[PDB]
4 protein chains.
Amino acid sequence: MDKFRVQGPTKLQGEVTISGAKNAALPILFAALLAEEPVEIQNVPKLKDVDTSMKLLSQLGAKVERXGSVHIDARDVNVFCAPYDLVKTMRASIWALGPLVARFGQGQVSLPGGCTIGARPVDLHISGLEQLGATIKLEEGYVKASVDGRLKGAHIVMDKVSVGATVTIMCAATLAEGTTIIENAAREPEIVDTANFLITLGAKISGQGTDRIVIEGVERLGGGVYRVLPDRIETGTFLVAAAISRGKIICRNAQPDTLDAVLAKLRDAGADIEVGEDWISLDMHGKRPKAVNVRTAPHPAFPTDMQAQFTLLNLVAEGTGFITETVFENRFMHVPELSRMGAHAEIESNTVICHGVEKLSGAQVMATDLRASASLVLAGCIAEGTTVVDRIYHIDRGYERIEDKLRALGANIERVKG
Amino acid sequence: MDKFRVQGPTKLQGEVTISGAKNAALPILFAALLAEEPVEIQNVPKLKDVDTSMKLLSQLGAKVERXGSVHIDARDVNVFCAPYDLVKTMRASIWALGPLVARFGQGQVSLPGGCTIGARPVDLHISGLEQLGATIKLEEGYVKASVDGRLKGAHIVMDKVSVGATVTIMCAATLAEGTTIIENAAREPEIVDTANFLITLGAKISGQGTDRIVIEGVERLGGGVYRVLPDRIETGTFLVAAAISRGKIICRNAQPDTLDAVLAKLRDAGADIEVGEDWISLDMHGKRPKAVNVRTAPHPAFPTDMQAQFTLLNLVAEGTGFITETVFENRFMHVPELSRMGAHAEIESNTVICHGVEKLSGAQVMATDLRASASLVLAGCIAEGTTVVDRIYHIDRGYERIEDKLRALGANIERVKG
Amino acid sequence: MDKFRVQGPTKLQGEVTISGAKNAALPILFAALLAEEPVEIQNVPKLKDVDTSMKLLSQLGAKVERXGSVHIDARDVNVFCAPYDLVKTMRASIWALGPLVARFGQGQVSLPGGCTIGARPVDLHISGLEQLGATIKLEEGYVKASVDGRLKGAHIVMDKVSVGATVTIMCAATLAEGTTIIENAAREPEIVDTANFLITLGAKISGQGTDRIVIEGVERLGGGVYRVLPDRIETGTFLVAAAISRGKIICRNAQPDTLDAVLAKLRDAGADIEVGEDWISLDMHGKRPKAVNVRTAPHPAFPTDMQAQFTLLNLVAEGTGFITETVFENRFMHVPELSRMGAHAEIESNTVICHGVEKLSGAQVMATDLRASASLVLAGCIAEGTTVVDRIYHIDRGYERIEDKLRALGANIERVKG
Amino acid sequence: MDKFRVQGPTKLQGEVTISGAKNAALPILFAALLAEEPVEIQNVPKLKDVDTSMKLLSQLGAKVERXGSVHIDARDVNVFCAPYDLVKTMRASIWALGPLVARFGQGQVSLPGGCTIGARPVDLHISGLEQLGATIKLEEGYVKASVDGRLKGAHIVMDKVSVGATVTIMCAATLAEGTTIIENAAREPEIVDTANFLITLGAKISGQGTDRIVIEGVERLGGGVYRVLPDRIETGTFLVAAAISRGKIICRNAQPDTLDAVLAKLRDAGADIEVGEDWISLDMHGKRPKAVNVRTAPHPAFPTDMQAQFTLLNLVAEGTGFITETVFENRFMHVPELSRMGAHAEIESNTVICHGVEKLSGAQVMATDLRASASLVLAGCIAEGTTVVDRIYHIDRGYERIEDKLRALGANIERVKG
Ligand SMILES: [C]C(=O)[N][C]1[C](O=P([O])([O])OP([O])(=O)O[C][C]2O[C](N3[C]=[C]C(=O)[N]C3=O)[C]([O])[C]2[O])O[C]([C][O])[C]([O])[C]1O[C@@]([C])([C]([O])[C][O])C([O])=O
Ligand SMILES: [C]C(=O)[N][C]1[C](O=P([O])([O])OP([O])(=O)O[C][C]2O[C](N3[C]=[C]C(=O)[N]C3=O)[C]([O])[C]2[O])O[C]([C][O])[C]([O])[C]1O[C@@]([C])([C]([O])[C][O])C([O])=O
Ligand SMILES: [C]C(=O)[N][C]1[C](O=P([O])([O])OP([O])(=O)O[C][C]2O[C](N3[C]=[C]C(=O)[N]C3=O)[C]([O])[C]2[O])O[C]([C][O])[C]([O])[C]1O[C@@]([C])([C]([O])[C][O])C([O])=O
Ligand SMILES: [C]C(=O)[N][C]1[C](O=P([O])([O])OP([O])(=O)O[C][C]2O[C](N3[C]=[C]C(=O)[N]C3=O)[C]([O])[C]2[O])O[C]([C][O])[C]([O])[C]1O[C@@]([C])([C]([O])[C][O])C([O])=O
């Protein structure tokens, strides 16, 4: 589980180098199952979720190794089942299914539980791989998928916006016969990236980043080297860190165009923001943030994954702000913990009413999920005295060396026994 | 982390002896902090949360022992802080606060952080105590209370129904100057039980079990012996166990009039129910349950602690039924775990739409909270094949020897360490 | 249609005499169908709903006359249908069903369709009477209920708290063979009034006002005189009127023990409340009110029928308040109307975020339902300038002489035709 | 106001010619206020809301007339107030504000106005115009908006998706100084249509149909001739008529590509659907539809304007299906009216659970809003016996000649006084 001991108050200033998007790396690592020649994925973050995806890849008969690059030779994939002991730690492994069905005519993947931020069914994936020509059963907790021909292009209208299911259908439409159209498709940048990875293999895909994606099937996919775009959430995390610590950060190796909504909100909070080609800078000029109202929705709107972060921005901000969460049903678990640190918040349905306070007080708190965990470490940074954040394993899933990266911003953080 | 390996299918049938209410034993344990003479609480279940209560009682300087009975002598209580290490292992610990404030004019309890099943704030405990004349501050994650001398009785109209806040205010009001009226009090049998235990010590309480509790404050409370009432939720858990397994069960040492709503729904579901003075029989007559619609609400309505169990009943029942949870905002975490087992559910907000299936399949599942853990075990008993329920430590909080009791009904359960 | 022209701002001053409860008068008027000897119901407010009840009664064959009192002779009832044409104007007329079935073994009432404030099903009425041994179908949009002989007493556990269902089952149960127990009964004061009316007629009822009502069926009910309790919602409306206008008021012929939650909220808002045996005074002391947090729930909690009024209070209060409606789902139609008058509101799910303003401005607004109309009139009193409230007939359903009572408090109101 | 008498059951079959979209005609009519030379809008349906728009336009000092076409000469527009007496009967008149501010430097529009289906604030309309430079106050219930000179282009990020606020800002921006970007713009086909109308007048717009609309502002807009696209909601409504009545319809003058989601849900229901350039056919082949689950959301997802109709479809389909409504908080008022007809429906906050029945039964029912009115008329056609739908004024707002169109499909419908 272990813990970060964070000593605050600490003004966060300097630079950080933004890492590859965890949420691009993962779907790309499973889409690599489609490749019949070796793939090299660059700018991959050293995250627990990447390690797990790698152990799952090797489990399926891929040869995998890594250092910023991950090498994947899926030429001899000979196992088609992602075991429970892996999927239980990474629900993103559902992404193994579509590729394996589309290349190998079969795939078996443990049906994910059971998540704290919401229930997160995969009905859209394992519909989707059905409207394509897959037959799917569930036996002993394994989603068993087969096509005893080869996949067939379909006009698919997604009845919910889903990042996960759009990736699945997209990836598993690159080896279909015919055209697949995906209506009401997710447009997050990770999906644009996965698509552009797939074209590097020689897939035919149009309109990634839009609400309609067109895939004409191909016979097989090759190899190639692909650089994963920067993590927009980790970027938003370090930008927020400075916003709430009255600081100034320059995020380098970044993609500002992935962040229209979040940058608008930090400006709304009174951050001085300049954007270059591959960097975002932010200076509070010594100033407490101003309270903003926020409403999560699918890209290009404000991301649910910045929600916990902006909640904390508000709780230390000037005035009252409203954080409405529309994507996940139970994503306010940070709030009772921030409350222990002296935050004044109220939860009405999927809205938290945040009455900004000048300073938080250090306290022992419990991280509940990835983005919560980071928000608590941020809260620790700017709180008076000692904060101990428990269950820090959550952070290790989606942030590479956050302790290092925050320490270079002046943070006082020690990873502690547990 | 211990797990249960449950083997199915198996018909659950025979006889079970209901243990004391976990949820009467706990509030009475903290209420014993008011006692100035030794106290014996009889029929206390051997449960983890009782152990935790005992640790915290001892850490406040009470002398505490147990076998059936837990003996407390709070004469020499001399520490008034409930520390983070304890509270965070059970939030019920907030119940030390009213006693300490009322008897000692001071009390500190770690502000509970969030919970798997909901945010669970304690605003009403705090405001209730404020209305009794307490000053309360939050310093360093600790809820600090103090009064100049004695608390003062007040007319308190509760903003919402809260079992825990009703207990807090009721216990504190017993040593206040004057009359306290709690309007819109919770009416749970455990509140009747706690009030009757307080009466045994010498408190003057009227209207327990009703929406209006009247307490006449006394200078001092003494000792006494009180037997805790039967666990209604344990009772319902085993009643469900027979129902979903087309079985027959007799619960001894029950208290039927605590279960009006659960027995009405079980009847709705097709159960042949009979009651005596201290026993309930259920017989399905070898037939699959019929689906039911349930809406959780405070006592005497259908209790939220039976919700996960009935979600299960509905998911193997004939036809379609819904469960709406109005008490906790995130108590559907058993649902995806049952989905792995072949259940067909759809969560739309605070409602679970269930389409009953004839058979479940054994799968590796994850217990997330107490009542979910038991439902997962119960699903294990009726599924075909092997179910492993991980994180069984949850069950240990609120069930006394559930493995031995199910085994006696015919269950095939082994406790497995790794 | 008639409108009120209201001129403000007006400080609302003096005293009002509270009329009898619309919501005790109505169920009592229907219960009188059980009566085989003349009945006089005293203190009945002169209201459109009463006139409608009397019209329906005359149409079933009761002889009905009215001034203070309404006199009913149901000895000659010989028509057993409540037609659509009348139910459509007043859904309370579902209340004829239970009497007619219980006394005459048959009863037809048009199934109430939707309602401004929520869907309002009557599924709990039908189930209650079915549980008493009534066969019930729906043909041509009529609920048609029938028994052979008399009804039969039953142990009935109510799914949800229902005022209307509790009355329905309680009145029917008076002429049933055997004992009827209603668990999770509604505890509203109007239920107590209705039970006590039934008792005057020779019925055997205990536990009214508590969550379990027990009824011992008799062969036949008599007649009697019975005075209806004061209207707690009227009292609350006039207390709110004073509270929002910087006023002082005294409500004569009140019953303060019905208004615990309301008086407590007006206290949290900074009102000076005193009570007598039969009066309530409120005095703001030159004060504009202060924002509060309301959660509606069944009696004794804050009543949904005071919610529109308190929303009003919050929207002119100094501060930010939440009004949360748990009883009726769409009971927020006043909000956009008050918005026209300058209120800063914001509806989010089943809560309204009010951000109290200092002044309202007069505007042409539209009454949508009863309590909403009252709120808009009261808004008009404290708004600067002229407010015109259209569709004022809603108010006449449920308030006797509202305009006269307000004018005696110093309001400048004129009823207009077109 | 008058009523429809429908005699069922009728199998609806034949052809229908779809009218121009009410919801393109309407923003197009108000966009015409920007035009400095006469405009002819072609394919405008003859509907109450067009008449009202026409009346409002005339009042603002446009010369307007109609037959197929509506002609508008807005050259001499010189009254800049949309008054309460017109706006109260049509929400969409809020659309007069933007054009008047953009072209004349000022506009006044009565703030709507409260609506049955939800509260419907226009805060995003206000805030988008303030972001383009307007100063907006609210005075006696009128939104009064002024700018000195032209508006100034702005990057506007919309916090929620709003069709109305998208059109407001897009129209106003056409005369703004410089460039305007709408982020999180609605994508509805009517927004595309309005943009293309605007372009016909010499506006420079791109991105319409996507989440980001770019408007480069121009000096003046001219005139031209523009044909409104087909009504996708009328189309959907007759497609559902064919579906629920186990019939066959061909819709002529359709635009199949505006209905991906609806067509996919109708296939899910067992419909055999074929599409051409300008036609859709649906043939059920004598079959009862199968129950489907529906989630409304902004286009291209399932439209909320089809939800009542598909609710109706589920309520007569085979099986159980759920309709979740994510756009408008109170759009289930058709349900309790369908309940009078023998529908088995259950509403649980924002979801209706439908358990389809073979046949509905004719009954007197009351329309509450436009799409509800239409669904009750459809329910009428297929119900057994006689249905009288009251308050059919709702239908006349958004359907042209639905009675003649339905009769041509074989329906037995008479318009009646009742
Ligand atoms: C790995 C990744 O990428 N992640 C992410 C994503 O997730 P997902 O899961 O993919 O999501 P979606 O899908 O979009 O979701 C939404 C909604 O919908 C629903 N669903 C889904 C699917 C299906 O099939 N069905 C359904 O229903 C769900 O439940 C929900 O509600 O994405 C997201 C969004 O953005 C994000 O947030 C995520 O990320 C995270 C959260 C994860 O990872 C975990 O941790 C982070 O990162 O934090
Ligand atoms: C220990 C015990 O007893 N437990 C139980 C109880 O809990 P509580 O916490 O006490 O609850 P309440 O309070 O009643 O709650 C409800 C509601 O409300 C709210 N709140 C509260 C308080 C305050 O202050 N504030 C507020 O807001 C909350 O959130 C909720 O929602 O009770 C219950 C009911 O019946 C039960 O469930 C319980 O039990 C359990 C769950 C335990 O574990 C813990 O909780 C079981 O299962 O056992
Ligand atoms: C006439 C009278 O009394 N009224 C009143 C009453 O109402 P009701 O209708 O009776 O109500 P309830 O029943 O309680 O209700 C509640 C709830 O539940 C539901 N439900 C019912 C029944 C059945 O069966 N089912 C069901 O579900 C509904 O929906 C709801 O949600 O009472 C009330 C309460 O408190 C009141 O509010 C009333 O009053 C009024 C509103 C009138 O209008 C009537 O309408 C006023 O305002 O006055
Ligand atoms: C005339 C027309 O077009 N209509 C239509 C529309 O409406 P509107 O109003 O525009 O809507 P929206 O906006 O989209 O809405 C959505 C949501 O959001 C909200 N909001 C808005 C605005 C503002 O400012 N704020 C806010 O918040 C609201 O409330 C809601 O929730 O569109 C719609 C949608 O799709 C439709 O539905 C409509 O249509 C109708 C209904 C009419 O009539 C009305 O308007 C029909 O047609 O039916």
Side-chain angles (χ1 to χ4, degrees), chain A residues 22-23 26-27 49 91-92 95 115 117-128 160-167 186 188 190 233 298-299 303-305 327-329 369-371 397-398, chain B residues 22-23 26-27 49 90-92 95 115 117-128 160-167 186 188 190 233 298-299 303-305 327-329 331 369-371 397-398, chain D residues 22-23 26-27 49 91-92 94-95 115 117-127 160-167 186 188 190 233 298-299 303-305 327-329 369-371 397-398:
Chain A
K22 150 215 191 270
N23 282 350
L26 297 164
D49 277 4
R91 75 190 303 107
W95 273 328
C115 180
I117 79 180
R120 310 177 76 165
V122 292
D123 70 291
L124 303 170
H125 296 254
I126 35 148
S127 175
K160 290 226 203 178
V161 179
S162 176
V163 169
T166 288
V167 172
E188 350 293 280
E190 295 69 35
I233 307 310
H299 199 78
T304 173
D305 288 351
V327 186
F328 287 102
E329 62 265 30
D369 51 283
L370 165 56
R371 303 306 165 180
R397 276 181 95 254
Chain B
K22 163 190 153 254
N23 284 343
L26 301 180
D49 278 14
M90 61 151 213
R91 66 162 56 235
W95 277 331
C115 178
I117 75 164
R120 303 175 86 161
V122 293
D123 53 307
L124 297 163
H125 298 239
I126 288 167
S127 157
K160 44 147 132 183
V161 171
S162 179
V163 174
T166 295
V167 176
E188 270 59 14
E190 292 77 25
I233 307 304
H299 191 76
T304 174
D305 303 333
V327 183
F328 291 110
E329 68 276 12
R331 211 179 186 170
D369 63 85
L370 171 68
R371 313 294 175 183
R397 289 180 85 245
Chain D
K22 168 182 64 99
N23 290 339
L26 289 186
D49 278 21
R91 291 212 87 74
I94 185 67
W95 275 330
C115 184
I117 73 179
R120 306 180 84 164
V122 301
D123 64 290
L124 287 180
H125 292 257
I126 312 264
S127 176
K160 29 180 107 179
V161 168
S162 161
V163 171
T166 289
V167 168
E188 268 69 3
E190 295 71 20
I233 309 307
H299 179 87
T304 177
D305 294 349
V327 177
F328 285 115
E329 65 263 37
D369 59 272
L370 169 66
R371 315 299 173 177
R397 292 182 76 261

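Counting starts at 1 for both ligands and their atoms, following the listed order. Side chains included, hydrogens not; waters and symmetry mates left out as well; all remaining heavy atoms used. Letters A, B, ... are given to chains in the order of the sequence lines, protein chains preceding strands, and every chain is numbered from 1.
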Original post:
Counting only heavy atoms on the protein side, is anything nearer than 4.0 Å to atom 40 (C) of ligand 4?
Top reply: yes
**OP:** Have a look at ligand 4 and work out which part of D/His125, if any, has a heavy atom under 4.0 Å from it: side chain, backbone, both or neither.
**Re:**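 The part of D/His125 near ligand 4 is both the backbone and the side chain.
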Original post:
Side chain, backbone, both or neither: which part of A/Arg397 comes within less than 4.0 Å of ligand 1 when only heavy atoms are counted?
Top reply: side chain
Original post:
Heavy atom under 4.0 Å from ligand 1: found in A/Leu124's side chain, backbone, both, or neither?
Top reply: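 Both backbone and side chain of A/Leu124 come within 4.0 Å of ligand 1.
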Among [options], which residue places a heavy atom closest to [atom]?
atom	options	answer
atom 9 (O) of ligand 2	B/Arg120, B/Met90, B/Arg371	B/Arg120
atom 36 (C) of ligand 1	A/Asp49, A/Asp305, A/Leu370, A/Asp369	A/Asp305
atom 16 (C) of ligand 1	A/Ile233, A/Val161, A/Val167	A/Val161
atom 19 (C) of ligand 2	B/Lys22, B/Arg91, B/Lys160	B/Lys160
atom 3 (O) of ligand 1	A/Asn23, A/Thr166, A/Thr304	A/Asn23
atom 22 (C) of ligand 1	A/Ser162, A/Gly118, A/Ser127, A/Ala92	A/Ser162

**OP:** Answer yes or no for A/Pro121: is there a heavy-atom contact with ligand 1 below 4.0 Å?
**Re:**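 Per 4.0 Å heavy-atom rule, A/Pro121 contacts ligand 1.
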**OP:** Under 4.0 Å from a heavy atom of D/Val122: give me the atoms of ligand 4 that qualify, with their elements.
**Re:**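 In order of numbering, the contacting atoms are 23 (C), 24 (O).
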Subject >> ligand 4 atoms in contact with D/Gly164 (distance to a heavy atom under 4.0 Å) >> reply: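 The atoms of ligand 4 under 4.0 Å from a heavy atom of D/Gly164 are 10 (O), 13 (O).
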4.5 Å side-chain heavy-atom contact, [X] and [Y]:
X	Y	answer
A/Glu329	B/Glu329	no
D/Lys22	D/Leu370	yes
D/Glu190	D/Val163	no
D/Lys160	D/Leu124	yes
D/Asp49	D/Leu26	yes

Original post:
Does even one non-hydrogen atom of B/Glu190 get within less than 4.0 Å of ligand 2?
Top reply: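 Checking ligand 2 against B/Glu190, which is what was asked, there is no heavy-atom contact under 4.0 Å.
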Original post:
Hey, is B/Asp305 close enough to B/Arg331 for a salt bridge, meaning N to O under 4.0 Å?
Top reply: yes
Any nitrogen or oxygen of [X], side chain or backbone, less than 3.5 Å from one on ligand 2?
X	answer
B/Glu329	no
B/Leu26	no
B/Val327	yes

Original post:
Can you name the closest pair of heavy atoms from A/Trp95 and A/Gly164 and give their distance?
Top reply: NE1-O, 3.0 Å
Original post:
For ligand 2, which atoms, with element, lie under 4.0 Å from some heavy atom of B/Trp95?
Top reply: 1 (C), 2 (C), 3 (O)
Original post:
Taking only heavy atoms of A/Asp123, which atoms of ligand 1 are found under 4.0 Å from at least one of them?
Top reply: 23 (C), 24 (O), 25 (N), 26 (C), 27 (O)
Original post:
Hey, does the side chain of B/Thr304 reach the backbone of B/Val327 with a donor-acceptor pair shorter than 3.5 angstrom?
Top reply: no
Original post:
Does D/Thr166 use its side chain to pair, donor to acceptor, with the backbone of D/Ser162 at less than 3.5 Å?
Top reply: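 Judged by distance alone, yes, a pair lies under 3.5 Å.
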Subject >> Nearest protein heavy atom with distance in Å, relative to atom 14 (O) of ligand 2 >> reply: B/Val163 N, 2.7 Å
Original post:
Identify the closest protein heavy atom to atom 15 (O) of ligand 1: which residue and atom is it, and at what distance?
Top reply: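 Its nearest protein heavy-atom neighbour is A/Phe328 CZ, 4.2 Å.
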Original post:
How long is the gap from SG on B/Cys115 to CZ on B/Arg91, to the nearest 0.5 Å?
Top reply: 5.0 Å
Original post:
Say you draw a straight line from CZ of A/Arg371 to CZ of A/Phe328; how long is it, rounded to the nearest 0.5 Å?
Top reply: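 A/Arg371 CZ to A/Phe328 CZ: 11.0 Å, rounded to 0.5 Å.
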